[PDB]
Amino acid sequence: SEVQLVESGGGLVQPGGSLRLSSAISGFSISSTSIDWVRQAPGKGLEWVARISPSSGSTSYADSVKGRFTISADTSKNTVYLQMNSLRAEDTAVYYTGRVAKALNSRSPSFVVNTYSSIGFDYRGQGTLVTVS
């Protein structure tokens, strides 16, 4: 339908602080596919954060965020969340939700994002900013 991915919850935090990001998705059900959080650090490439397949509730995290970040979903509201704790300079970036293109969903999200970057996503939002200082 009229597809939409709207990220929010981003802002300014002190080192060690915590935030919850939201993404309200329209035009396709989040249980039809896997949704990816990805971030862009200042003047550096697109970095995969976490994946969620709400159909099964299966998830996976980048080694950089394991233990600190949690991906979740409210299937009734068609919204995905990212709970972030113990934030630091490493985590300062704009955060996007994106759907990896059909033809590429056989390959891992770490590969799709490192190799194809922005062009791996058939849909991706304009993102929300997270600054740590």
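Residue positions are given as counts along the sequence shown, with the first one as 1.
On average the C-alpha atoms of 99-107 have higher B-factors than those of the other stretch, with 75-83 and 99-107 being the two compared. Checked against the record, the higher mean CA B factor of 122-130 and 1-9 lies with 1-9. Looking at the C-alpha B-factors along this chain, the one for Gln14 belongs to the highest third. When the CA B factors of the chain's modelled residues are split into thirds, the value for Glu47 lands in the middle one. Per the PDB record, residue ranking by Cα B-factor puts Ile30 in the middle third of the chain. When the modelled residues of the chain are ordered by C-alpha B-factor, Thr70 sits in the lowest third.
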